[PDB]
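# only geometry, no sequence info:
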């Protein structure tokens, strides 16, 4: 990929995002604990990225959850994100401990919802990463939403990982590896 460095939270943190992704706060107010980027690429534009034009990225500075195990903390944060969509059960299509104790990544997909109709509408895969800043009692959660095409949803239901999901997971991992706290005063 050819992701580029970006400054978050006034420059207190840096990570990377793909070209063609715009910082939503340059056009609208976003929650104080969040950094939001949306894919603003035109359909014509050709990037060798593997991405389409509808993904969105949210970085959220959350309080540390009282779970010691890294994967368990990650599952907890995933649940908070999926539960809002009416999801009642989800599965990790991919998962990895990137750094023992502090960094975990995975791709997640709803398999059941409260209305009992998991195929009622378009499927959305969500890349979720957890970066534990234990020193500042902060759990950083990075989410990347991937609204799937009919074709990609069929692959997923057939247990095949769409190429674009593989691309999103690579981006997610690069964001985690490139994640850096520049100014600790952000956590006063």
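Great, that's in hand. Numbering: from 1, shown residues only.

# three-state assignment of residue 79?
Secondary structure, DSSP: H, G, I helix; E, B strand; the rest coil: residue 79 is helix.

# State the phi and psi torsions of the residue lying closest to it once chain neighbours are set aside.
Once flanking residues are discounted, residue 79 sits nearest to residue 90: 8.0 Å by C-beta to C-beta, 6 or more residues apart in numbering. The way it works is simple: take the backbone N, C-alpha and C, and place the C-beta from them, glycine included. Residue 90 adopts backbone torsions of phi -140, psi 160, taken as degrees, to the nearest 10.

# doesn't residue 109 make contact with residue 90?
Yes - if you go by C-beta atoms under 8 Å, residue 90 and residue 109 touch, sitting 6.2 Å apart.

# Next, the buried residues of stretch 1-15.
Neighbour counts over stretch 1-15 (16 or more other C-beta atoms under 10 Å) mark 3, 6, 8, 9, 12, 13, 15 as buried.

# With secondary structure and distance to residue 118 added, can I get those residues in CSV?
Compiled in CSV, the buried residues of stretch 1-15 are given as follows (DSSP: H, G, I helix; E, B strand; the rest coil; distance: C-beta to C-beta, whole Å):
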residue, secondary structure, distance to residue 118
3, coil, 32
6, strand, 35
8, strand, 34
9, helix, 36
12, coil, 39
13, strand, 36
15, strand, 32
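
# Return the closest of those residues with respect to residue 174.
Nearest to residue 174 out of these is residue 3 (C-beta to C-beta; 5.6 Å).

# Beta-bridge partners for the residue nearest to residue 79, please?
residue 110 (DSSP bridges).

# who are the neighbours in contact with it?
Neighbour list for residue 90: 78, 79, 82, 108, 109, 110, 111, 112 [criterion: C-beta atoms under 8 Å, 6 or more residues apart in numbering].

# spatially speaking, which residue is in the middle of the protein?
Nearest to the mean C-alpha position of the chain, counting by C-alpha atoms, centre = their mean, stands residue 143 at 1.9 Å.

# which SS state does that one fall under?
strand.

# Show me the helices in the chain, by range?
70-83, 150-157, 163-178 (DSSP state H).

# Quick check: phi and psi on the nearest residue to residue 73 once chain neighbours are set aside?
The shortest distance from residue 73 to any non-neighbouring residue, by C-beta to C-beta, 6+ apart, is to residue 67 (4.4 Å). Main-chain dihedrals, residue 67, degrees, to the nearest 10: phi -130, psi 120.

# May I ask you to confirm that residue 174 is in contact with residue 18?
No - with contacts counted by C-beta under 8 Å, residue 174 stays clear of residue 18, the gap being 9.5 Å.
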